[PDB]
$ cat target-v6.txt   # compact mmCIF, C-alpha atoms
# COMPACT_ATOMS: atom_id res chain seq x y z
CA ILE V 1 -3.40 -11.83 17.57
CA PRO V 2 -7.23 -11.59 17.18
CA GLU V 3 -9.59 -13.23 14.77
CA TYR V 4 -10.59 -10.01 13.03
CA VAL V 5 -8.46 -6.89 12.42
CA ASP V 6 -9.83 -3.87 10.49
CA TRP V 7 -7.75 -0.69 10.68
CA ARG V 8 -10.65 1.35 9.20
CA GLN V 9 -12.56 0.69 12.42
CA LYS V 10 -9.65 2.06 14.40
CA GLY V 11 -9.79 5.21 12.24
CA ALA V 12 -6.35 4.50 10.74
CA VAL V 13 -7.10 4.59 6.97
CA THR V 14 -8.08 7.54 4.79
CA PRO V 15 -10.64 7.56 1.82
CA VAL V 16 -9.92 5.29 -1.18
CA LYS V 17 -7.99 7.07 -3.94
CA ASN V 18 -7.75 6.45 -7.70
CA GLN V 19 -4.28 6.33 -9.26
CA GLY V 20 -5.71 6.90 -12.72
CA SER V 21 -3.53 6.03 -15.73
CA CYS V 22 -0.23 6.45 -13.90
CA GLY V 23 1.45 3.23 -12.74
CA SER V 24 1.85 4.83 -9.28
CA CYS V 25 0.44 1.89 -7.25
CA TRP V 26 3.75 1.59 -5.42
CA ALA V 27 3.44 5.19 -4.07
CA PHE V 28 -0.30 4.79 -3.18
CA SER V 29 0.56 1.53 -1.37
CA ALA V 30 3.49 3.10 0.57
CA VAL V 31 1.36 6.09 1.58
CA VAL V 32 -1.49 4.07 3.21
CA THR V 33 1.17 2.44 5.47
CA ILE V 34 2.57 5.96 6.38
CA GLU V 35 -1.00 7.29 7.13
CA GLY V 36 -1.75 4.21 9.30
CA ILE V 37 1.52 4.18 11.34
CA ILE V 38 1.29 8.03 12.02
CA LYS V 39 -2.29 7.58 13.36
CA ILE V 40 -1.24 4.45 15.42
CA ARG V 41 1.66 6.36 16.87
CA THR V 42 0.35 9.99 17.28
CA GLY V 43 -3.37 9.61 17.34
CA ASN V 44 -3.78 11.85 14.25
CA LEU V 45 -4.99 10.56 10.87
CA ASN V 46 -3.61 12.64 7.92
CA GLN V 47 -3.32 12.21 4.16
CA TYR V 48 0.20 12.16 2.68
CA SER V 49 1.58 12.74 -0.74
CA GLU V 50 1.77 9.96 -3.39
CA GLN V 51 2.90 12.62 -5.93
CA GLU V 52 5.99 13.37 -3.83
CA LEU V 53 7.04 9.71 -3.82
CA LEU V 54 6.34 9.53 -7.57
CA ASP V 55 8.49 12.65 -8.36
CA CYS V 56 11.18 12.09 -5.86
CA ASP V 57 11.99 8.37 -5.66
CA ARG V 58 15.03 8.13 -7.94
CA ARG V 59 15.08 4.25 -7.75
CA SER V 60 11.51 3.94 -8.98
CA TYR V 61 10.25 4.69 -12.43
CA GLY V 62 7.49 7.29 -11.94
CA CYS V 63 4.41 6.25 -13.88
CA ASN V 64 5.08 2.66 -15.26
CA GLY V 65 6.50 1.36 -11.99
CA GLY V 66 8.41 1.35 -8.77
CA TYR V 67 9.06 -0.18 -5.35
CA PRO V 68 7.14 0.61 -2.14
CA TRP V 69 10.27 -0.45 -0.16
CA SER V 70 12.20 2.29 -2.03
CA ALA V 71 9.35 4.82 -1.37
CA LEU V 72 9.24 3.80 2.32
CA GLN V 73 13.00 4.35 2.56
CA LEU V 74 12.82 7.95 1.20
CA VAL V 75 10.35 8.87 4.00
CA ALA V 76 12.65 7.38 6.72
CA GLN V 77 15.57 9.27 5.24
CA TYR V 78 13.79 12.52 4.38
CA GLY V 79 10.07 12.63 5.26
CA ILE V 80 6.83 13.35 3.46
CA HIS V 81 4.51 16.25 2.94
CA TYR V 82 0.77 16.37 3.38
CA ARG V 83 -1.28 15.45 0.33
CA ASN V 84 -2.72 18.94 0.40
CA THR V 85 0.53 20.69 0.02
CA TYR V 86 1.69 18.25 -2.67
CA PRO V 87 -1.56 17.04 -4.44
CA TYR V 88 -1.74 14.07 -6.85
CA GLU V 89 -1.24 14.97 -10.48
CA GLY V 90 -1.07 11.53 -12.07
CA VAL V 91 2.01 12.50 -14.02
CA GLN V 92 5.63 12.40 -12.87
CA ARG V 93 7.22 15.92 -12.84
CA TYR V 94 10.24 17.45 -10.99
CA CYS V 95 10.74 16.63 -7.29
CA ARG V 96 9.39 19.62 -5.39
CA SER V 97 9.93 18.83 -1.68
CA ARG V 98 12.31 21.71 -1.27
CA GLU V 99 9.81 24.19 -2.63
CA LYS V 100 7.07 22.93 -0.31
CA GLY V 101 9.04 23.61 2.85
CA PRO V 102 9.29 21.21 5.80
CA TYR V 103 8.16 17.68 5.88
CA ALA V 104 4.94 17.01 7.61
CA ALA V 105 6.02 13.63 8.99
CA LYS V 106 8.99 11.32 8.89
CA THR V 107 9.49 7.66 9.62
CA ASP V 108 12.37 5.73 11.22
CA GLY V 109 12.80 2.71 8.94
CA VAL V 110 11.42 0.08 6.65
CA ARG V 111 11.05 -3.64 7.50
CA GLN V 112 10.20 -6.58 5.29
CA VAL V 113 7.76 -9.32 6.34
CA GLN V 114 9.15 -12.83 5.97
CA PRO V 115 7.81 -13.85 2.56
CA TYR V 116 5.67 -16.83 1.64
CA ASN V 117 4.58 -17.03 5.20
CA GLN V 118 0.89 -16.27 5.88
CA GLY V 119 1.18 -16.08 9.72
CA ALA V 120 4.07 -13.59 9.43
CA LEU V 121 1.96 -11.20 7.32
CA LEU V 122 -1.08 -11.61 9.57
CA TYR V 123 1.09 -10.75 12.65
CA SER V 124 2.35 -7.52 10.84
CA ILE V 125 -1.22 -6.53 9.79
CA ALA V 126 -2.37 -6.98 13.45
CA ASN V 127 0.24 -4.22 14.28
CA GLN V 128 -0.26 -1.71 11.35
CA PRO V 129 -1.22 -1.54 7.59
CA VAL V 130 1.38 -3.35 5.38
CA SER V 131 2.35 -2.81 1.67
CA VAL V 132 1.72 -6.04 -0.26
CA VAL V 133 1.98 -7.04 -3.97
CA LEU V 134 -0.34 -9.27 -6.05
CA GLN V 135 -1.15 -10.31 -9.66
CA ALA V 136 -3.88 -7.93 -10.75
CA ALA V 137 -3.72 -8.49 -14.51
CA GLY V 138 -6.36 -11.22 -14.98
CA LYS V 139 -9.84 -9.89 -15.86
CA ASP V 140 -11.23 -11.81 -12.82
CA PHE V 141 -9.33 -9.44 -10.49
CA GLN V 142 -10.26 -6.45 -12.68
CA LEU V 143 -13.92 -7.27 -12.77
CA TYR V 144 -14.08 -8.04 -9.02
CA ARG V 145 -17.36 -6.67 -7.66
CA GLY V 146 -17.50 -8.18 -4.12
CA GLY V 147 -17.16 -11.37 -2.08
CA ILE V 148 -14.06 -13.30 -1.06
CA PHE V 149 -11.94 -13.55 -4.14
CA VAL V 150 -10.32 -16.96 -4.64
CA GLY V 151 -8.96 -16.30 -8.14
CA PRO V 152 -8.53 -17.49 -10.78
CA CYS V 153 -5.17 -15.76 -10.72
CA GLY V 154 -1.53 -16.77 -11.05
CA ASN V 155 1.38 -15.49 -8.99
CA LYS V 156 2.90 -12.98 -11.56
CA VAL V 157 2.79 -10.05 -9.21
CA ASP V 158 2.46 -6.68 -10.83
CA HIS V 159 0.36 -4.42 -8.49
CA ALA V 160 1.28 -3.04 -5.03
CA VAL V 161 -1.74 -2.52 -2.73
CA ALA V 162 -2.02 -2.30 1.06
CA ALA V 163 -3.45 -4.76 3.55
CA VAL V 164 -5.50 -3.11 6.31
CA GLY V 165 -7.16 -6.10 8.07
CA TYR V 166 -7.99 -9.80 7.96
CA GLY V 167 -10.54 -12.28 9.04
CA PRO V 168 -10.72 -16.08 9.49
CA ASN V 169 -10.83 -16.72 5.75
CA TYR V 170 -9.53 -13.47 4.10
CA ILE V 171 -7.07 -10.58 4.10
CA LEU V 172 -8.59 -7.09 3.63
CA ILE V 173 -6.98 -4.95 0.99
CA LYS V 174 -7.17 -1.21 0.10
CA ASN V 175 -6.84 -0.80 -3.67
CA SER V 176 -6.23 2.53 -5.57
CA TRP V 177 -8.69 2.15 -8.35
CA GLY V 178 -12.00 4.02 -7.67
CA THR V 179 -14.48 3.63 -4.77
CA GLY V 180 -16.47 2.04 -7.63
CA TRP V 181 -14.20 -1.01 -7.91
CA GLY V 182 -14.80 -3.99 -5.68
CA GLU V 183 -16.26 -3.41 -2.26
CA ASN V 184 -16.15 0.40 -2.23
CA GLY V 185 -12.55 0.20 -3.32
CA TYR V 186 -11.57 -2.82 -1.13
CA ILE V 187 -11.10 -6.59 -1.81
CA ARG V 188 -11.11 -9.50 0.62
CA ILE V 189 -8.70 -12.16 -0.76
CA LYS V 190 -8.98 -15.75 0.41
CA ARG V 191 -6.25 -16.83 2.93
CA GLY V 192 -5.43 -20.21 4.59
CA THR V 193 -5.29 -21.92 1.23
CA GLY V 194 -1.95 -23.65 2.16
CA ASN V 195 -0.33 -22.03 -0.95
CA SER V 196 2.86 -20.39 0.24
CA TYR V 197 2.69 -17.84 -2.58
CA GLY V 198 -0.73 -16.75 -1.29
CA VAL V 199 -3.76 -16.34 -3.59
CA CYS V 200 -2.58 -14.23 -6.62
CA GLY V 201 0.99 -14.21 -5.18
CA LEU V 202 -0.02 -12.10 -2.14
CA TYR V 203 2.83 -13.27 0.15
CA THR V 204 5.61 -12.47 -2.38
CA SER V 205 6.94 -9.12 -0.95
CA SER V 206 5.47 -7.11 1.91
CA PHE V 207 7.01 -4.08 3.68
CA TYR V 208 6.05 -1.80 6.51
CA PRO V 209 7.31 1.54 7.94
CA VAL V 210 8.93 1.57 11.39
CA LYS V 211 8.13 4.76 13.39
CA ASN V 212 9.35 5.34 16.85
CA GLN X 1 3.57 -11.19 -19.42
CA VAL X 2 2.82 -9.20 -16.21
CA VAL X 3 5.42 -7.96 -13.82
CA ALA X 4 5.94 -4.56 -11.86
CA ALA X 5 2.92 -2.37 -13.02

$ encode --input "target-v6.txt" --output "structure tokens"
Amino acid sequence: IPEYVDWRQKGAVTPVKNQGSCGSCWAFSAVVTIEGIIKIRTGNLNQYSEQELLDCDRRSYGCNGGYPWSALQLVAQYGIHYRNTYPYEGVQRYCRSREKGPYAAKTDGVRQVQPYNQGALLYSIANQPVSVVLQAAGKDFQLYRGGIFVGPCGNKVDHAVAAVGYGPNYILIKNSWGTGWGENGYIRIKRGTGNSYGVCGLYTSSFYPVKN
Amino acid sequence: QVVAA
């Protein structure tokens, strides 16, 4: 795998979104890995619905929490609609897939990256965007305005985000807070620290969509 | 304190 990977340069990531006051990070996270693998595989970049995952994933908890592996599984099983046809409302409501007609895309499966293993994650990111969790509660993470973030942060993961690249000393992450947070909505987290947890617990649980 | 969301 190469020294630098940046899926935005390959035209495989859409504009940064803002989840607002809904704890829908898990759905935002799962959707940037669906947008990236559809572009990688079909050549077309499209935006997909976070609201659909929020309303329809019965294992997750709507606003206040969920699982991007559960969200990723629904799309393999069923599929997902364009963001346009099912726009973000920031509130969980009834599942409306049926009403919005046929799915725009569908996936074939969900895989997990071997945890607490930096090289395993970096090999998955070299192939497609990956869903990743981290501890985002400390005000150092919240007030991030740029640079390679080294912490301080613990490993009490609470925020799902997506990794879309890496470099020699960092992993590149798409967050769902505004384009005004961090580096136009992105954060480069220090890697190669020797901590198996990863900085802020970044190697705790990472999943990616399989599309054939 | 801090866990899934």

$ residues_around --input "target-v6.txt" --residues "residue 129 of chain V" --least-positions-apart "2" --cutoff "8 Å" --atoms "all atoms listed in the file" --output "mmCIF file with C-alpha atoms, in the coordinates of the input"
data_model
loop_
_atom_site.group_PDB
_atom_site.id
_atom_site.type_symbol
_atom_site.label_atom_id
_atom_site.label_comp_id
_atom_site.auth_asym_id
_atom_site.auth_seq_id
_atom_site.Cartn_x
_atom_site.Cartn_y
_atom_site.Cartn_z
ATOM 1 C CA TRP V 7 -7.750 -0.690 10.680
ATOM 2 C CA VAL V 32 -1.490 4.070 3.210
ATOM 3 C CA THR V 33 1.170 2.440 5.470
ATOM 4 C CA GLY V 36 -1.750 4.210 9.300
ATOM 5 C CA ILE V 37 1.520 4.180 11.340
ATOM 6 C CA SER V 124 2.350 -7.520 10.840
ATOM 7 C CA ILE V 125 -1.220 -6.530 9.790
ATOM 8 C CA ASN V 127 0.240 -4.220 14.280
ATOM 9 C CA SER V 131 2.350 -2.810 1.670
ATOM 10 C CA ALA V 162 -2.020 -2.300 1.060
ATOM 11 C CA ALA V 163 -3.450 -4.760 3.550
ATOM 12 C CA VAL V 164 -5.500 -3.110 6.310
ATOM 13 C CA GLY V 165 -7.160 -6.100 8.070
ATOM 14 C CA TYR V 208 6.050 -1.800 6.510
#

$ residues_around --input "target-v6.txt" --residues "residue 197 of chain V" --least-positions-apart "4" --cutoff "9 Å" --atoms "only C-alpha atoms" --output "NGL selection string"
:V and (115-118 or 155 or 201-204)

$ write_last_selection --input "target-v6.txt" --atoms "C-alpha atoms" --output "PDB file, in the coordinates of the input"
ATOM      1  CA  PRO V 115       7.810 -13.850   2.560  1.00  0.00           C
ATOM      2  CA  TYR V 116       5.670 -16.830   1.640  1.00  0.00           C
ATOM      3  CA  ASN V 117       4.580 -17.030   5.200  1.00  0.00           C
ATOM      4  CA  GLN V 118       0.890 -16.270   5.880  1.00  0.00           C
ATOM      5  CA  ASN V 155       1.380 -15.490  -8.990  1.00  0.00           C
ATOM      6  CA  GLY V 201       0.990 -14.210  -5.180  1.00  0.00           C
ATOM      7  CA  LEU V 202      -0.020 -12.100  -2.140  1.00  0.00           C
ATOM      8  CA  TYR V 203       2.830 -13.270   0.150  1.00  0.00           C
ATOM      9  CA  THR V 204       5.610 -12.470  -2.380  1.00  0.00           C
TER      10      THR V 204
END

$ closest_residue --input "target-v6.txt" --among "V:53, V:13, V:22, V:38" --to "residue 5 of chain X" --atoms "all atoms listed in the file"
V:22

$ residues_around --input "target-v6.txt" --residues "residue 4 of chain X" --least-positions-apart "4" --cutoff "7 Å" --atoms "only C-alpha atoms" --output "ChimeraX atom specification"
/V:65,157-159

$ atom_distance --input "target-v6.txt" --atom1 "atom CA of residue 80 of chain V" --atom2 "atom CA of residue 62 of chain V"
16.6 Å

$ closest_residue --input "target-v6.txt" --among "V:10, V:93, V:100, V:191" --to "residue 63 of chain V" --atoms "all atoms listed in the file"
V:93

$ closest_residue --input "target-v6.txt" --among "V:150, V:105, V:27, V:121" --to "chain X" --atoms "all atoms listed in the file"
V:27

$ interface_residues --input "target-v6.txt" --of "chain V" --to "chain X" --cutoff "9 Å" --atoms "all atoms listed in the file" --output "PyMOL selection string"
chain V and resi 23-26+63-67+135-137+156-160

$ atom_distance --input "target-v6.txt" --atom1 "atom CA of residue 48 of chain V" --atom2 "atom CA of residue 211 of chain V"
15.2 Å

$ closest_residue --input "target-v6.txt" --among "V:50, V:99, V:35, V:55" --to "residue 19 of chain V" --atoms "all atoms listed in the file"
V:50

$ residues_near_point --input "target-v6.txt" --point "(9.5, 22.7, 0.0)" --cutoff "12 Å" --atoms "only C-alpha atoms" --output "MDAnalysis selection string"
chainID V and resid 52 78:82 85:86 95:104

$ atom_distance --input "target-v6.txt" --atom1 "atom CA of residue 189 of chain V" --atom2 "atom CA of residue 148 of chain V"
5.5 Å

$ residues_around --input "target-v6.txt" --residues "residue 76 of chain V" --least-positions-apart "2" --cutoff "6 Å" --atoms "all atoms listed in the file" --output "JSON, numbers by chain"
{"V": [73, 74, 78, 106, 107, 108, 109]}

$ axis_aligned_box --input "target-v6.txt" --around "chain X" --padding-each-side "3 Å" --output "AutoDock Vina command-line options"
--center_x 4.4 --center_y -6.8 --center_z -15.6 --size_x 9.1 --size_y 14.8 --size_z 13.6

$ residues_around --input "target-v6.txt" --residues "residue 153 of chain V" --least-positions-apart "6" --cutoff "8 Å" --atoms "all atoms listed in the file" --output "PDB file with C-alpha atoms, keeping the file's coordinate frame"
ATOM      1  CA  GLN V 135      -1.150 -10.310  -9.660  1.00  0.00           C
ATOM      2  CA  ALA V 136      -3.880  -7.930 -10.750  1.00  0.00           C
ATOM      3  CA  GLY V 138      -6.360 -11.220 -14.980  1.00  0.00           C
ATOM      4  CA  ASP V 140     -11.230 -11.810 -12.820  1.00  0.00           C
ATOM      5  CA  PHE V 141      -9.330  -9.440 -10.490  1.00  0.00           C
ATOM      6  CA  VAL V 199      -3.760 -16.340  -3.590  1.00  0.00           C
ATOM      7  CA  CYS V 200      -2.580 -14.230  -6.620  1.00  0.00           C
TER       8      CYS V 200
END

$ decode --input "target-v6.txt" --residues "segment 12-36 of chain V" --atoms "N, CA, C and O atoms" --output "PDB file, in the first residue's frame"
ATOM      1  N   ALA V  12     -14.091  10.158  -4.453  1.00  0.00           N
ATOM      2  CA  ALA V  12     -14.938   9.163  -3.835  1.00  0.00           C
ATOM      3  C   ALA V  12     -15.593   9.612  -2.557  1.00  0.00           C
ATOM      4  O   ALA V  12     -16.255   8.826  -1.893  1.00  0.00           O
ATOM      5  N   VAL V  13     -15.520  10.872  -2.143  1.00  0.00           N
ATOM      6  CA  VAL V  13     -16.293  11.352  -0.989  1.00  0.00           C
ATOM      7  C   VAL V  13     -17.093  12.628  -1.291  1.00  0.00           C
ATOM      8  O   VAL V  13     -16.670  13.526  -2.044  1.00  0.00           O
ATOM      9  N   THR V  14     -18.318  12.680  -0.778  1.00  0.00           N
ATOM     10  CA  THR V  14     -19.208  13.791  -1.011  1.00  0.00           C
ATOM     11  C   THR V  14     -18.939  14.951  -0.049  1.00  0.00           C
ATOM     12  O   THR V  14     -18.092  14.775   0.832  1.00  0.00           O
ATOM     13  N   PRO V  15     -19.613  16.117  -0.097  1.00  0.00           N
ATOM     14  CA  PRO V  15     -19.440  17.242   0.815  1.00  0.00           C
ATOM     15  C   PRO V  15     -19.636  16.879   2.278  1.00  0.00           C
ATOM     16  O   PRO V  15     -20.382  15.956   2.577  1.00  0.00           O
ATOM     17  N   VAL V  16     -19.023  17.577   3.220  1.00  0.00           N
ATOM     18  CA  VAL V  16     -19.151  17.274   4.637  1.00  0.00           C
ATOM     19  C   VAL V  16     -20.563  17.666   5.056  1.00  0.00           C
ATOM     20  O   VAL V  16     -21.050  18.727   4.637  1.00  0.00           O
ATOM     21  N   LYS V  17     -21.206  16.816   5.857  1.00  0.00           N
ATOM     22  CA  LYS V  17     -22.537  17.087   6.368  1.00  0.00           C
ATOM     23  C   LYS V  17     -22.499  17.505   7.825  1.00  0.00           C
ATOM     24  O   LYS V  17     -21.438  17.465   8.439  1.00  0.00           O
ATOM     25  N   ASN V  18     -23.622  17.936   8.408  1.00  0.00           N
ATOM     26  CA  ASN V  18     -23.719  18.238   9.817  1.00  0.00           C
ATOM     27  C   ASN V  18     -24.877  17.410  10.383  1.00  0.00           C
ATOM     28  O   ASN V  18     -26.016  17.477   9.907  1.00  0.00           O
ATOM     29  N   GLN V  19     -24.629  16.586  11.394  1.00  0.00           N
ATOM     30  CA  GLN V  19     -25.679  15.753  11.931  1.00  0.00           C
ATOM     31  C   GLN V  19     -26.583  16.548  12.840  1.00  0.00           C
ATOM     32  O   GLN V  19     -27.678  16.114  13.195  1.00  0.00           O
ATOM     33  N   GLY V  20     -26.180  17.720  13.277  1.00  0.00           N
ATOM     34  CA  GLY V  20     -27.024  18.538  14.120  1.00  0.00           C
ATOM     35  C   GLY V  20     -27.177  17.902  15.484  1.00  0.00           C
ATOM     36  O   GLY V  20     -26.332  17.095  15.893  1.00  0.00           O
ATOM     37  N   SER V  21     -28.263  18.195  16.199  1.00  0.00           N
ATOM     38  CA  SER V  21     -28.467  17.610  17.534  1.00  0.00           C
ATOM     39  C   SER V  21     -28.940  16.151  17.542  1.00  0.00           C
ATOM     40  O   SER V  21     -29.409  15.656  18.567  1.00  0.00           O
ATOM     41  N   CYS V  22     -28.848  15.367  16.499  1.00  0.00           N
ATOM     42  CA  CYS V  22     -29.363  14.052  16.565  1.00  0.00           C
ATOM     43  C   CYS V  22     -28.097  13.247  16.718  1.00  0.00           C
ATOM     44  O   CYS V  22     -27.074  13.528  16.094  1.00  0.00           O
ATOM     45  N   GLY V  23     -28.087  12.250  17.599  1.00  0.00           N
ATOM     46  CA  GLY V  23     -26.942  11.351  17.721  1.00  0.00           C
ATOM     47  C   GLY V  23     -26.971  10.380  16.552  1.00  0.00           C
ATOM     48  O   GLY V  23     -27.132   9.183  16.782  1.00  0.00           O
ATOM     49  N   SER V  24     -26.842  10.850  15.306  1.00  0.00           N
ATOM     50  CA  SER V  24     -26.941   9.984  14.139  1.00  0.00           C
ATOM     51  C   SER V  24     -25.600   9.719  13.480  1.00  0.00           C
ATOM     52  O   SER V  24     -25.548   9.199  12.370  1.00  0.00           O
ATOM     53  N   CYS V  25     -24.503   9.967  14.193  1.00  0.00           N
ATOM     54  CA  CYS V  25     -23.137   9.727  13.740  1.00  0.00           C
ATOM     55  C   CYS V  25     -22.944   8.397  13.071  1.00  0.00           C
ATOM     56  O   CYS V  25     -22.387   8.294  11.979  1.00  0.00           O
ATOM     57  N   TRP V  26     -23.508   7.356  13.686  1.00  0.00           N
ATOM     58  CA  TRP V  26     -23.460   5.995  13.168  1.00  0.00           C
ATOM     59  C   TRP V  26     -23.990   5.868  11.734  1.00  0.00           C
ATOM     60  O   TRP V  26     -23.470   5.097  10.937  1.00  0.00           O
ATOM     61  N   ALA V  27     -25.048   6.618  11.377  1.00  0.00           N
ATOM     62  CA  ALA V  27     -25.690   6.569  10.068  1.00  0.00           C
ATOM     63  C   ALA V  27     -24.875   7.382   9.074  1.00  0.00           C
ATOM     64  O   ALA V  27     -24.670   6.925   7.956  1.00  0.00           O
ATOM     65  N   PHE V  28     -24.418   8.580   9.472  1.00  0.00           N
ATOM     66  CA  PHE V  28     -23.479   9.434   8.710  1.00  0.00           C
ATOM     67  C   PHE V  28     -22.217   8.692   8.341  1.00  0.00           C
ATOM     68  O   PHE V  28     -21.857   8.603   7.161  1.00  0.00           O
ATOM     69  N   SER V  29     -21.596   8.056   9.329  1.00  0.00           N
ATOM     70  CA  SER V  29     -20.421   7.188   9.171  1.00  0.00           C
ATOM     71  C   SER V  29     -20.627   6.046   8.155  1.00  0.00           C
ATOM     72  O   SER V  29     -19.844   5.844   7.182  1.00  0.00           O
ATOM     73  N   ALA V  30     -21.729   5.289   8.317  1.00  0.00           N
ATOM     74  CA  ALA V  30     -22.056   4.185   7.418  1.00  0.00           C
ATOM     75  C   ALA V  30     -22.277   4.677   5.996  1.00  0.00           C
ATOM     76  O   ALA V  30     -21.846   4.058   5.023  1.00  0.00           O
ATOM     77  N   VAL V  31     -22.934   5.826   5.832  1.00  0.00           N
ATOM     78  CA  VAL V  31     -23.200   6.369   4.511  1.00  0.00           C
ATOM     79  C   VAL V  31     -21.919   6.824   3.829  1.00  0.00           C
ATOM     80  O   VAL V  31     -21.829   6.516   2.622  1.00  0.00           O
ATOM     81  N   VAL V  32     -20.891   7.446   4.448  1.00  0.00           N
ATOM     82  CA  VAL V  32     -19.719   7.768   3.620  1.00  0.00           C
ATOM     83  C   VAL V  32     -19.019   6.493   3.133  1.00  0.00           C
ATOM     84  O   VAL V  32     -18.500   6.480   2.018  1.00  0.00           O
ATOM     85  N   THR V  33     -19.112   5.339   3.809  1.00  0.00           N
ATOM     86  CA  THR V  33     -18.522   4.126   3.253  1.00  0.00           C
ATOM     87  C   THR V  33     -19.391   3.582   2.121  1.00  0.00           C
ATOM     88  O   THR V  33     -18.799   3.009   1.205  1.00  0.00           O
ATOM     89  N   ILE V  34     -20.738   3.765   2.091  1.00  0.00           N
ATOM     90  CA  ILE V  34     -21.565   3.347   0.955  1.00  0.00           C
ATOM     91  C   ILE V  34     -21.238   4.276  -0.216  1.00  0.00           C
ATOM     92  O   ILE V  34     -20.934   3.780  -1.290  1.00  0.00           O
ATOM     93  N   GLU V  35     -21.242   5.594  -0.098  1.00  0.00           N
ATOM     94  CA  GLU V  35     -20.887   6.514  -1.182  1.00  0.00           C
ATOM     95  C   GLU V  35     -19.522   6.238  -1.852  1.00  0.00           C
ATOM     96  O   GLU V  35     -19.363   6.271  -3.089  1.00  0.00           O
ATOM     97  N   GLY V  36     -18.506   5.939  -1.021  1.00  0.00           N
ATOM     98  CA  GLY V  36     -17.171   5.599  -1.476  1.00  0.00           C
ATOM     99  C   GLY V  36     -17.151   4.272  -2.186  1.00  0.00           C
ATOM    100  O   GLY V  36     -16.629   4.253  -3.300  1.00  0.00           O
TER     101      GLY V  36
END
